[PDB]
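S.K.: Shown below is the structure under consideration.
Each value in this text was obtained by applying a stated rule to the coordinates, not by laboratory testing. Please note: Cβ atoms are built from the backbone with ideal geometry, for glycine as well, and neighbour counts cover all protein chains shown.
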There are 2 protein chains.
Amino acid sequence: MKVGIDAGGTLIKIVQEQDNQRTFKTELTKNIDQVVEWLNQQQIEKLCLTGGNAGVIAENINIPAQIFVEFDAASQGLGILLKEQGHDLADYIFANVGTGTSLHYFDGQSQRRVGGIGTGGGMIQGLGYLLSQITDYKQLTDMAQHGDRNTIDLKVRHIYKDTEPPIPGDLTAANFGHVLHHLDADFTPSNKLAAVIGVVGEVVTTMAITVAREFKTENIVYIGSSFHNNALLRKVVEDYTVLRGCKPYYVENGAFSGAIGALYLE
Amino acid sequence: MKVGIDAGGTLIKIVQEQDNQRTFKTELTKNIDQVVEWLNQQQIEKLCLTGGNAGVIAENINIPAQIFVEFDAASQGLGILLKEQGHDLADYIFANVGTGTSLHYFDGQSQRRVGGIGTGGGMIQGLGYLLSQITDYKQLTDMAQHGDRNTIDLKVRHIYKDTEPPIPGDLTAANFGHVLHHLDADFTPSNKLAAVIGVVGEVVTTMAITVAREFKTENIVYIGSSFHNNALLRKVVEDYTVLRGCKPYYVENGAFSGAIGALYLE
Ligand SMILES: Nc1ncnc2c1ncn2[C@@H]1O[C@H](COP(=O)(O)OP(=O)(O)O)[C@@H](O)[C@H]1O
Ligand SMILES: Nc1ncnc2c1ncn2[C@@H]1O[C@H](COP(=O)(O)OP(=O)(O)O)[C@@H](O)[C@H]1O
Ligand SMILES: CCCCCNC(=O)CCNC(=O)[C@H](O)C(C)(C)COP(=O)(O)O
Ligand SMILES: CCCCCNC(=O)CCNC(=O)[C@H](O)C(C)(C)COP(=O)(O)O
């Protein structure tokens, strides 16, 4: 078997390839020792690593590994997934929403990094925890899905009260900007968590559509494990991309783009 | 006298012109009815209005008043203030960090809005409240200046463990992404507030830098009352502007750009 691993700041994504069939697995970066132990017990023909904690795995295993830069690895693997899933895009932005957010322009031949921002999965977990005291990712994200943001976020139309606004009134004008106007509301964990996901999705999308405009592409492909178990995040992003005149794409197994690409770069 | 008013989502900015001298006053948008009463008791030659709550004032005043779109008003007043303060910039991005944030490219001729984001002053206040229970703006911002974000924010160097990172290791990788590693004790109000101001600052600046690259200018001017009593925010924005090879500017009374511009446009 051939193994590709993208060892990031929160998750270790593992791709196993045998007989032209891929198997996908994830482990927490906190349990990196278990991944090492498991690798030391495998019969492996090729081991390709990428991401922040590639170095740590390679240092601790008893077998040789190849390490690749995650930006190129993610690009290569995403290219493979797009074609497998019926997309023939000439060029695109891709936004890698991992522990944090890295933005890339793929021109049809190669990628260049065009942007980044700390609003990502790590903020969702960290700021979610501060507002809710929930540490378990699945519970945290589930709790957000039917939150109501209306008592928390201020829209353009709330500022332009009795005045035609110069931009769409339904737009979020200020994340959390309605809180001081609703101090009698119960700021429930669901409502608060929905607002967290909202600010993260809005910021990621705003950066992505801005670089899409800059680099003259309408296509924006969103990857990263931050979209797992978070339909609300997918909706916030997808809705606002379309409203900004761009075409959003999600790919099955997109969070494994780096792990797949690591194997192909080798 | 002549009066320019920028009636925003949080503050009403009032400029009075008389005997070649201008006077600045601020009131809370909460208390707009007092502003209207005051206006109706003054002897005003010309009244010029802008901002989301211009309509409210305009409806309840007993004299004519001209109304202007705040993007043009803000651009005009900013240009006046810049020139008054010995800045002759051929072109610039300006970022209006009000209750929310609006981004503009001023090419020399005029302004165009090139983006916006709900990360601004309303977020600082509302998320600040959710994390500290503090409603007093002065108290809230004062508390934040003594905060440390080291225990809350994750840097690139934390993700690339014992390994040379692909982008500068000191950059914030994930805002609040360090929280889950520091759960043994409670997080202090000053640290949480510093982190809130940190993420608002970084988002605003990252967006400003990106559109500055897009529209081929190295100058970024920042205005808005969000900078009032908030040295931390001024600093976060300045440092990252310079880091990305751009030139940050702030003007004295920049929060009054819109009010001053309304006067000039009439
Ligand atoms: N099972 C999970 N446990 C923890 N976080 C998860 C899980 N599934 C998805 N996530 C989300 O995905 C983010 C990590 O995204 P990912 O692209 O895997 O980043 P990295 O390469 O930095 O680990 C987390 O911050 C979190 O928001
Ligand atoms: N005295 C104050 N009261 C409330 N907010 C203040 C005060 N002084 C400064 N601010 C900050 O300025 C922000 C509003 O900035 P401003 O440019 O006046 O926006 P707007 O035109 O929408 O009122 C507030 O969200 C807050 O962060
Ligand atoms: C001082 C302002 C900081 C804003 C700029 N910050 C950045 O560009 C880093 C944003 N984060 C990222 O690009 C990713 O988190 C990166 C460091 C590539 C690690 O990938 P991942 O493990 O997927 O989070
Ligand atoms: C659904 C995603 C929303 C993100 C994009 N949102 C925006 O561009 C609106 C950001 N806010 C603003 O531009 C300002 O708050 C505006 C509505 C012009 C009012 O100015 P101000 O009174 O200074 O806040």
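S.K.: Over region A:70-251, calculate the relative contact order: mean separation of alpha carbon pairs under 8 Å at least 6 apart, over the residue count, as a percent. Spell out each step's value before the answer.
M.R.: On the way: 307 pairs, mean separation 46.7, N = 182.
Averaging sequence separation for qualifying contacts and normalising by length gives 26 percent for region A:70-251.
S.K.: Whole angstrom only: what separates the Cα centroid of region B:89-106 from the Cα centroid of region B:188-266?
M.R.: If we compute the Cα centre of each part, the gap is 8 Å.
S.K.: Using a 10 Å cut-off around each Cβ of peptide B:111-120, what is the average number of partner chain Cβ atoms that fall inside?
M.R.: Working: counts 0, 0, 2, 3, 6, 6, 11, 16, 10, 4.
Partner-chain Cβ atoms within 10 Å, mean over residues of B:111-120: 6.
S.K.: Considering only chain A, pick the residue with its Cβ nearest the axis of the rotation onto chain B, and state the distance in whole Å.
M.R.: A:214, 2
S.K.: Can you tell me how region B:70-251 classifies by the Cα gyration tensor, rounded, prolate or oblate, using a/c under 1.5 as the rounded cut? Don't skip to the end; give the middle numbers.
M.R.: Details: a/c = 2.51, a/b = 1.46, b/c = 1.72.
It is oblate, given that a/c is not under 1.5 and a/b is not larger than b/c.
S.K.: Connecting C-alpha atoms closer than 10 Å in a GNM of chain A, tell me which of A:65, A:185, A:194 has the biggest fluctuation.
M.R.: Looking only at A:65, A:185, A:194, the largest GNM fluctuation is found for A:185.
S.K.: Something else: Put +1 on the Cβ of every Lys and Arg and -1 on every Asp and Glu Cβ in chain B; which of B:10, B:193, B:68 then has its Cα farthest towards the positive end of the dipole?
M.R.: B:193
S.K.: Please compute the length gained on full extension between residue B:162 and residue B:190, using 0.36 nm multiplied by the number of residues separating them and subtracting their Cα-Cα distance.
M.R.: Working: separation 28, 0.36 × 28 = 10.08 nm, distance 3.06 nm.
Result: 7.0 nm gained on full extension.
S.K.: With springs only between Cα atoms under 10 Å apart, run a GNM on chain A and tell me which of A:183, A:140, A:232 wobbles the most.
M.R.: Sorting by GNM fluctuation, first place goes to A:183.
S.K.: For region A:3-45, which GluC sites (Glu not before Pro) are in a loop by DSSP, counting at most 15 other Cβ atoms within 10 Å? It would help to have the intermediate numbers written out before the result.
M.R.: On the way: sites: A:17, A:27, A:37, A:45; in loops: A:45.
Taking region A:3-45 and a limit of 15 other Cβ atoms within 10 Å, the loop GluC sites (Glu not before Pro) found are A:45.
S.K.: Explain nothing, just compute: Karplus ³J(HN,Hα) = 6.51 cos²θ - 1.76 cosθ + 1.60, θ = phi - 60°, for every residue of region A:197-211 in order, whole Hz, x for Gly and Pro.
M.R.: 4, x, 5, 4, x, 5, 5, 4, 5, 4, 4, 5, 6, 5, 5
S.K.: Please give the net charge around residue A:23, taking every other residue with its beta carbon less than 13 angstrom from that of residue A:23, where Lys and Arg add +1 and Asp and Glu add -1. Before the final figure, lay out each step's value.
M.R.: Numbers: positive: A:2, A:13, A:22, A:25; negative: A:17, A:19.
That sum, taken over residues with Cβ under 13 Å, equals +2.
S.K.: Most mobile of A:66, A:41, A:109 per a Gaussian network model of chain A (Cα springs, under 10 Å)?
M.R.: A:109
S.K.: Oh, and also: Per the Kirkwood treatment, what hydrodynamic radius in Å, one decimal, follows for region A:103-204 from the mean inverse distance over all distinct Cα pairs?
M.R.: On the way: mean 1/r = 0.0655 Å⁻¹.
It is 15.3 Å.
S.K.: Let me ask something else. Pick out, in residue order, every one of the GluC sites (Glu not before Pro) in region B:172-264 that is DSSP loop and has at most 16 other C-beta atoms within 10 Å; say none if there are none.
M.R.: On the way: sites: B:202, B:214, B:218, B:238, B:252; in loops: B:218, B:252.
For GluC sites (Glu not before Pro) across region B:172-264 that sit outside H, G, I, E and B with at most 16 neighbouring Cβ atoms in 10 Å, the list reads B:218, B:252.
S.K.: Per-residue HN-Hα couplings for region B:29-42, Karplus 6.51 cos²θ - 1.76 cosθ + 1.60 at θ = phi - 60°, whole Hz, x for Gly and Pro?
M.R.: So the Karplus estimates, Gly and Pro as x, are 4, 3, 9, 3, 5, 5, 4, 4, 4, 4, 3, 5, 9, 9 Hz.
S.K.: If you count, for every residue in B:127-133, the Cβ atoms of partner chains within 10 Å of its Cβ, what is the mean?
M.R.: 5
S.K.: Can you list residues whose amide H is under 5 Å from residue A:115's amide H, if they're 5+ apart or on another chain and H is modeled 1.01 Å from N?
M.R.: A:103
S.K.: List the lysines whose Cα lies under 30 Å from the Cα of residue B:83, skipping any in the same chain that are fewer than 8 positions away.
M.R.: Once the sequence-local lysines are set aside, what remains near residue B:83 is B:2, B:13, B:25, B:46, B:216, B:235, B:247.
S.K.: Averaging sequence separations of C-alpha pairs under 8 Å and six or more residues apart, then dividing by the length of region A:1-63, give the relative contact order as a whole percent. Intermediate results must be reported in sequence, preceding the final value.
M.R.: Values: 99 pairs, mean separation 25.7, N = 63.
It comes to 41 percent, rounded to a whole number.
S.K.: Still on this structure, please answer the following. Mind checking the mean number of beta-carbon atoms from other chains within 10 Å of the Cβ atoms in B:80-89?
M.R.: Numbers: counts 0, 0, 0, 0, 0, 0, 0, 0, 0, 0.
Across B:80-89, the average partner-chain Cβ count within 10 Å equals 0.
S.K.: Just check region B:1-132 against the gyration tensor rule for me: Cα atoms, a ≥ b ≥ c as the square roots of the eigenvalues, rounded for a/c under 1.5, and otherwise prolate or oblate depending on whether a/b exceeds b/c. Don't jump to the answer; show the numbers that get you there.
M.R.: Numbers: a/c = 1.93, a/b = 1.14, b/c = 1.69.
Verdict is oblate for region B:1-132.
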